[PDB]
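Working notes, structure below.
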Amino acid sequence: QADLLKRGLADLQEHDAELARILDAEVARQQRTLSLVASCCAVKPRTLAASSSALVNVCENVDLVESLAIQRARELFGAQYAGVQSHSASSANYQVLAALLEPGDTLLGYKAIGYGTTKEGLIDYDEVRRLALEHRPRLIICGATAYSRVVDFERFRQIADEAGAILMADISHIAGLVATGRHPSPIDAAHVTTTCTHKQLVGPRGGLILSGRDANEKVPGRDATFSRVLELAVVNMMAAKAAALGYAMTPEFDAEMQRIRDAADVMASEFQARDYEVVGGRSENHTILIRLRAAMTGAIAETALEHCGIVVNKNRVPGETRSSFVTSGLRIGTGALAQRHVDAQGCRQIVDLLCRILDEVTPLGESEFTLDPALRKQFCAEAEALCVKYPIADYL
Amino acid sequence: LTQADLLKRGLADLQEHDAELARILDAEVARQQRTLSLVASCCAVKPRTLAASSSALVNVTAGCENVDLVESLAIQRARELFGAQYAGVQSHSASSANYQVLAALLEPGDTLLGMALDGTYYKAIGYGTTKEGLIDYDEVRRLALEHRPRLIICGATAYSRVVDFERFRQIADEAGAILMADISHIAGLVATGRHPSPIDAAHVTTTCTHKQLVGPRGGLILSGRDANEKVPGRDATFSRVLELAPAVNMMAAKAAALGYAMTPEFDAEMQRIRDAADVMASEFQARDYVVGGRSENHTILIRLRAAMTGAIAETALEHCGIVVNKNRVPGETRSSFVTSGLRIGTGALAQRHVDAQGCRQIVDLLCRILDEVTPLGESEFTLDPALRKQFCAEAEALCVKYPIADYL
Numbered sequence: 002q003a004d005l006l007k008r009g010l011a012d013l014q015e016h017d018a019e020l021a022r023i024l025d026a027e028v029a030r031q032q033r034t035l036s037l038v039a040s041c042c043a044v045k046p047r048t049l050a051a052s053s054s055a056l057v058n059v060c061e062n063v064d065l066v067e068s069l070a071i072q073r074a075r076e077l078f079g080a081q082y083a084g085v086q087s088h089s090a091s092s093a094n095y096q097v098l099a100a101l102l103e104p105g106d107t108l109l110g111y112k113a114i115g116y117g118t119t120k121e122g123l124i125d126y127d128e129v130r131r132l133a134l135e136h137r138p139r140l141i142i143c144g145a146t147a148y149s150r151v152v153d154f155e156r157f158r159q160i161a162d163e164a165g166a167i168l169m170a171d172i173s174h175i176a177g178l179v180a181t182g183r184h185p186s187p188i189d190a191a192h193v194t195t196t197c198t199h200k201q202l203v204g205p206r207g208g209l210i211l212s213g214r215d216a217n218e219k220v221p222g223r224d225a226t227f228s229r230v231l232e233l234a235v236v237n238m239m240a241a242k243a244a245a246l247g248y249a250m251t252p253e254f255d256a257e258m259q260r261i262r263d264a265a266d267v268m269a270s271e272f273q274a275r276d277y278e279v280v281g282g283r284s285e286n287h288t289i290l291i292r293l294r295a296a297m298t299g300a301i302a303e304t305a306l307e308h309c310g311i312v313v314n315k316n317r318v319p320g321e322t323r324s325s326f327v328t329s330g331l332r333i334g335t336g337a338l339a340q341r342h343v344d345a346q347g348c349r350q351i352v353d354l355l356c357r358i359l360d361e362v363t364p365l366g367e368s369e370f371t372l373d374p375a376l377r378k379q380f381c382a383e384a385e386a387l388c389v390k391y392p393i394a395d396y397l
Numbered sequence: 004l005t006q007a008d009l010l011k012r013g014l015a016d017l018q019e020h021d022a023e024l025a026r027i028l029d030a031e032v033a034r035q036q037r038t039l040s041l042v043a044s045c046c047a048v049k050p051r052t053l054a055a056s057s058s059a060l061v062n063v064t065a066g067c068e069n070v071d072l073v074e075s076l077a078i079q080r081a082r083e084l085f086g087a088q089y090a091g092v093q094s095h096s097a098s099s100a101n102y103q104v105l106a107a108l109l110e111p112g113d114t115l116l117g118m119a120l121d122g123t124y125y126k127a128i129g130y131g132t133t134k135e136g137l138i139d140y141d142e143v144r145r146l147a148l149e150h151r152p153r154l155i156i157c158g159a160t161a162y163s164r165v166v167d168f169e170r171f172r173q174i175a176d177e178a179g180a181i182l183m184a185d186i187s188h189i190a191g192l193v194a195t196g197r198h199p200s201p202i203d204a205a206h207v208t209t210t211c212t213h214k215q216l217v218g219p220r221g222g223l224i225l226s227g228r229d230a231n232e233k234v235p236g237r238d239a240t241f242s243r244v245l246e247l248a249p250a251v252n253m254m255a256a257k258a259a260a261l262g263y264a265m266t267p268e269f270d271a272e273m274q275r276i277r278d279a280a281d282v283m284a285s286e287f288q289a290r291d292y293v294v295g296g297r298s299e300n301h302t303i304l305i306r307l308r309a310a311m312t313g314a315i316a317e318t319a320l321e322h323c324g325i326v327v328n329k330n331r332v333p334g335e336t337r338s339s340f341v342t343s344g345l346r347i348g349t350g351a352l353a354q355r356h357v358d359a360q361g362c363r364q365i366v367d368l369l370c371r372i373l374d375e376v377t378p379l380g381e382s383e384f385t386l387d388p389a390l391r392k393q394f395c396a397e398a399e400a401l402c403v404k405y406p407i408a409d410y411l
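Order-wise, the sequence lines are chains A and B.
Residues in the first sequence are numbered from 2 upward in steps of one, following this note's numbering.
Residues in the second sequence are numbered from 4 upward in steps of one, following this note's numbering.
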């Protein structure tokens with residue numbers, strides 16, 4: 002009875018055709034646009050099919066979809082506990098934070114204590130240690146968004162276990178690599194793990210609460226296991242979650258994760274061969290942070306690059322002398338490129354186009370620039386040509 | 004590519020490769036076709052609105068132009084559909100919309116006469132059942148003058164009669180308060196002119212997009228004649244403050260849902276709700292069982308009799324394939340959990356294109372259940388062995404005779 006949705010598409014085509022033009026135009030736009038932004042990805046069509054189930058009209062099938070997602074999350078991540086009802090990863094974090102209430106909290110950036118990065122582009126774990134032994138936090142939150150290196154969840158847990166703290170990990174940005182083993186997992190390192198289904202699991206907007214070896218071990222104080230306390234925080238997106246969790250166990254997802262992982266290495270190496278500095282000097286994960294030219298600001302780069310059809314994200318660089326709104330670097334993720342099945346040659350072509358656009362941009366201040374309209378049109382056509390040579394495969 | 008082909012491949016992909024899930028989702032649509040639902044606000048989203056929910060706009064966090072185009076279509080449709088001068092369509096929830104408007108218009112610690120009928124803000128109960136099943140507007144006024152709330156909220160889940168939004172505005176203006184209207188349960192009737200509109204009477208009106216408007220799980224924020232008027236005590240207009248001065252797949256579906264309600268097929272389905280309620284209210288009275296003289300909306304509240312308990316009534320009926328909700332009556336001698344009444348909504352029956360003859364037969368089966376079940380306790384239901392088998396089969400047979408039309 003998938004006829005329901007197919008003939009539902011037919012109702013839109015006949016009666017709401019205006020709306021259907023915009024729906025068709027976005028699919029084309031997402032496919033004529035080159036996307037190197039780290040956490041943007043196109044959700045797999047199967048997951049889009051489950052997101053429009055008749056389970057919106059809501060009952061034992063609502064528990065079946067829930068039980069299937071819980072089982073699938075536990076297999077993918079090796080979780081002894083799993084919770085799947087979060088409508089966002091932000092909610093998954095706050096729900097855990099609410100279950101665990103005491104002023105002390107250490108986080109990367111309640112009485113919030115903050116840590117950051119070393120002046121050379123790494124998490125200052127020794128600062129995490131010093132802050133933990135001083136303020137005796139309730140939990141320490143680990144997990145970074147723009148980091149280009151493997152987060153040592155084991156190190157964080159060593160620090161926490163000497164400061165009597167709980168370790169929470171947001172693996173939202175590296176979830177697929179953690180699931181496929183390419184990135185070390187925090188499932189047993191962290192007491193509790195949170196993740197987003199959409200970013201790197203190519204699924205719906207939502208959240209997963211997970212725990213491993215500490216799931217049935219007692220919370221520090223409060224005479225309960227981590228599984229209870231988390232579960233005492235009590236849908237279409239359930240169906241889509243289970244679809245995404247299922248595809249994430251397929252070998253096709255393992256390949257997409259290696260392509261994320263391959264493209265990161267060739268692109269970072271190709272930036273270096275053009276004397277553009279990658280801050281880690283290497284790429285682990287799906288992200289490459291490039292330190293931008295002397296007069297080039299990250300704000301100028303992203304605005305000019307989008308006008309040429311490439312979307313990238315400005316990011317702070319180690320030793321940043323500039324504002325947050327106007328940076329000195331940019332961040333690129335190989336996520337949506339893996340969905341485009343870009344070979345090593347294509348990744349080198351993208352670095353070529355990107356570095357060529359920047360060499361033609363004459364910065365005027367820190368958020369203004371000049372790019373000759375003709376050169377912009379020519380660059381925008383090279384980008385769309387690369388989009389055609391490497392299309393989004395599952396969208397075809 | 005096209006949205007349809009992406010989705011047809013998506014549906015095909017979720018049958019070769021993920022089949023366990025496909026059976027569960029396909030099982031549920033069958034369950035809803037054999038279950039006769041008399042619940043007030045449960046409905047089945049239209050397939051046209053459902054297909055819009057598989058937009059690739061989900062992948063959007065200018066790349067925001069098409070999301071702006073979808074949004075503007077929803078704003079303009081919402082404004083025309085309800086006759087509103089301001090609209091906001093980005094609410095994940097009806098509750099999210101209500102919370103968002105409350106935060107925008109109330110300062111921390113402000114008092115709201117929510118008339119909720121069941122820390123940052125203080126809430127006055129507002130009751131509203133005192134007038135023997137009517138809203139106690141006179142207490143709303145008394146409390147409003149005594150507590151001077153910044154906000155008064157109107158809109159009832161289980162009311163079976165028209166809410167006098169104008170009367171609340173009279174109360175609100177006398178007590179120097181803002182009026183919020185939650186019309187989630189009567190949205191289509193206000194839409195189609197059957198229930199009086201709150202757009203100009205209330206400063207801000209909110210609505211779910213699923214309960215009566217047959218659309219996605221979500222919320223909508225509205226304002227009418229008070230849109231360009233500044234919030235009392237503040238230097239900004241209601242429209243700017245309500246603008247809070249990213250799920251776009253739901254926003255495409257809201258546009259589709261708002262468009263369909265403008266079509267006359269929605270109007271007929273609204274008349275079918277209003278019509279079926281009158282027939283079923285009439286049959287209940289002629290079988291000597293309705294709070295209020297008649298239904299002026301989609302809800303019928305029935306007082307169970309002869310020590311019938313709303314909890315056992317609802318429990319027994321599900322075993323016979325009929326889904327209803329227990330609901331308090333004026334003069335609840337029993338607990339809140341064990342009511343002495345039953346609540347029925349005709350939204351699901353309009354989607355089954357049931358004739359007046361069929362509505363009476365459903366009441367017939369319903370009363371025939373209650374005339375037979377023998378409450379032994381206030382919760383332990385009894386007297387349903389093989390009689391419940393033929394009764395379930397008879398309900399499923401009415402489901403067969405009257406199918407959900409738009410679900411083919």
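For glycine and all other residues, C-beta sits at the position ideal for the given N, C-alpha and C.
Which word fits residue i, buried or exposed, when buried means at least 16 other C-beta atoms lie within 10 angstroms of its C-beta?
| i | result |
| --- | --- |
| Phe394 (chain B) | buried |
| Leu290 (chain A) | buried |
| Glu218 (chain A) | exposed |
| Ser44 (chain B) | buried |
| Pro374 (chain A) | exposed |
| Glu110 (chain B) | exposed |
| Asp25 (chain A) | buried |
So residue i is in the beta strand (DSSP E); what residue range does that whole segment cover?
| i | result |
| --- | --- |
| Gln93 (chain B) | 89 to 94 |
| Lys7 (chain A) | Here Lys7 (chain A) belongs to no beta strand (DSSP E); instead the alpha helix (DSSP H) covers 4 to 16. |
| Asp185 (chain B) | 181 to 185 |
| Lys112 (chain A) | 112 to 116 |
| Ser149 (chain A) | Element bounds for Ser149 (chain A): n/a, residue is neither H nor E. |
Looking only at its own chain, which residues have a Cβ that is under 7 Å from the Cβ of residue i, when we skip the five neighbours before and after it?
| i | result |
| --- | --- |
| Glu142 (chain B) | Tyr130, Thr133 |
| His136 (chain A) | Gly105, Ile114 |
| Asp12 (chain A) | none |
| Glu399 (chain B) | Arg37, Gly324 |
Distance, Cα to Cα, residue i vs residue j?
| i | j | result |
| --- | --- | --- |
| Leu24 (chain B) | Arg12 (chain B) | 16 Å |
| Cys42 (chain A) | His206 (chain B) | 41 Å |
| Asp360 (chain A) | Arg229 (chain A) | 57 Å |
| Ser187 (chain B) | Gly196 (chain B) | 15 Å |
| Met254 (chain B) | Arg337 (chain B) | 44 Å |
Just to confirm my understanding: we take residue i, look at its own chain, exclude 5 residues before and 5 after, and list those with CB closer than 6 Å. What are they?
| i | result |
| --- | --- |
| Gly295 (chain B) | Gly136, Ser163, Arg164 |
| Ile315 (chain B) | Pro378, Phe384 |
| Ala353 (chain B) | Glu272, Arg275, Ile276 |
| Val57 (chain A) | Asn237 |
| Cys356 (chain A) | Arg275 |
| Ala90 (chain A) | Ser173, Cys197, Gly208 |
Residue i and residue j: beta carbons closer than 7 Å?
| i | j | result |
| --- | --- | --- |
| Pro199 (chain B) | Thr208 (chain B) | no |
| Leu223 (chain B) | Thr240 (chain B) | no |
| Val313 (chain A) | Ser368 (chain A) | no |
| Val267 (chain A) | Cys348 (chain A) | yes |
| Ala264 (chain B) | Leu84 (chain B) | yes |
| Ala216 (chain A) | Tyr111 (chain A) | no |
| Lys257 (chain B) | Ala77 (chain B) | yes |
Return the first residue and the last residue of the alpha helix (DSSP H) that residue i is part of.
| i | result |
| --- | --- |
| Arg183 (chain A) | Where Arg183 (chain A) is concerned, there is no enclosing alpha helix (DSSP H), given that its DSSP letter is neither H nor E. |
| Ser75 (chain B) | 68 to 85 |
| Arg47 (chain A) | 46 to 51 |
| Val267 (chain A) | 252 to 273 |
| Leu331 (chain A) | Taken as a continuous stretch (DSSP letters only), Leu331 (chain A) belongs to no alpha helix (DSSP H), being part of the beta strand (DSSP E) at 330 to 334. |
| residue 468 (chain A) | In the structure displayed, chain A extends from 2 to 397; residue 468 (chain A) sits before or after that span and is not available. |
| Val59 (chain A) | Taken as a continuous stretch (DSSP letters only), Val59 (chain A) belongs to no alpha helix (DSSP H), as it is neither H nor E. |
Take residue i and list the residues in its own chain whose beta-carbon comes closer than 8 Å to its own, dropping the five residues that flank it on each side.
| i | result |
| --- | --- |
| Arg144 (chain B) | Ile174, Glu177, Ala178 |
For residue i and chain D, any beta-carbon pair shorter than 7 Å?
| i | result |
| --- | --- |
| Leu60 (chain B) | Of the chains in the structure shown, none is chain D; the protein chains are A and B. |
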